[PDB]
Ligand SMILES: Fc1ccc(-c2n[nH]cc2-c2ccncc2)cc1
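Here's a solo chain for you in structure tokens, the form solved without the named molecule.
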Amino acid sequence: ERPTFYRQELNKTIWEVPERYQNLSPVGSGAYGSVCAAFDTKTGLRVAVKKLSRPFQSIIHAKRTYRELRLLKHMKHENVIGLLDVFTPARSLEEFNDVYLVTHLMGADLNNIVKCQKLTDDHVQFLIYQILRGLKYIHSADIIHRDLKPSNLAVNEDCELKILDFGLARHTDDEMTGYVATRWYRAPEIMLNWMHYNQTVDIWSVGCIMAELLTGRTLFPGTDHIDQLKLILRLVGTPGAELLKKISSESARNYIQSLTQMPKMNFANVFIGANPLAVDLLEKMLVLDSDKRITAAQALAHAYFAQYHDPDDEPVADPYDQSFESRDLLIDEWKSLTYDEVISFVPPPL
């Protein structure tokens, strides 16, 4: 039974939503993308409604739309954004072009918190703890996120954190899409081992995010790929002989060998006056060699989080099963698969 919809132009975009969702208001004046705060009169909840941007604009984006909806429907964890509702104004597959997702309103993202002049170390402890708690869960499902960054972490007024945006997430595999992550948070093996990174790229991003929380500044704000690589090497040091041999790009190896030799910095001399345990965790997160990087599960046991760590309150997931995602499909197949997932969504009990 299709609800009554109504239509409204919001910042040069036509939103069409069920009448239960009232007083749509773009968060931050529309600077955070296509997300509106609303009041759900059916539940009395304050919700955030995301209108997916151009979900079927290409084969790649259609695929990403399907993966994100499937993952969001599969996952159930306090530090991962959860679906209250999923809808489309379309009355049939034939006119299906728009997807809307609904969750609890959170009210800020980590970019706001980075600017907070009253941020304490305990706050950093609690925020990074929750990112890692969500990441332990995600990785245990054999999901890889691939786009962690401050704007993809929502924080509510109780400093409860949820990972947003699974648009680039997928089931992990030996070979995956090459150009992923946002540049300032992109792990170096994404550039050095084209299409053959693994879940530790997400730990790199968390390291970059923690550093930004501690200092108030982007850790590696590169303006291009060469710039980005050099900014990283200035901190973690240029690779030695045994590590070069794991770099699959001969052009990258050749370029790196042309640079001045750089040692690993003492992070205690970068993050001045930070908790020594925070510096220690950062040293274990921001390591060039992917195989020596700390895991999410290991990081939750780090002494930095002793106030919050509870090994029986850090659950793992049921592993995610990749239904139709292993082949190259046309947009119309991705649309039909996504339509079926919209029509079959069952809202959680209140």
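Heads up, when I say rigid core I mean the largest set of C-alphas that superpose within 1.5 Å between the two forms. A residue's number is simply how far along the shown sequence it sits, counting from 1.
FYI, the form solved in complex with the named molecule isn't displayed, but the following is about it.
Residues placing heavy atoms within 4.5 Å of the named molecule in the deposited complex fall in a single listed stretch, namely 188-196, out of 272-280, 188-196, 87-95, 214-222.
Under a 4.5 angstroms non-hydrogen atom cutoff, the named molecule in the deposited complex has residue 288 among its neighbouring residues.
Contact between residue 256 and the named molecule in the deposited complex is found at the 4.5 Å heavy atom cutoff. Residue 264 falls outside the set of residues with a heavy atom inside 4.5 Å of the named molecule in the deposited complex. Of the heavy atoms in residue 233, some are within 4.5 Å of the named molecule in the deposited complex. Of all the residues from 232-259, those having a non-hydrogen atom no more than 4.5 Å from the named molecule in the deposited complex are 233, 239, 243, 246, 247, 256. Comparing the forms between this form and the one not shown, the C-alpha position of residue 322 differs by 2 angstroms or more, with the core used for superposition. With the core superposed, residue 100 shows a C-alpha displacement below 2 Å between this form and the one not shown. The Cα position of residue 268 differs by 2 Å or more between this form and the one not shown after fitting on the rigid core.
Figure legend: C-alpha atoms of residue 342 and residue 323, shown here, are separated by at least 3 angstroms more in the deposited complex. Compared with the form shown here, the Cα atoms of residue 32 and residue 342 move at least 3 Å closer together in the deposited complex.
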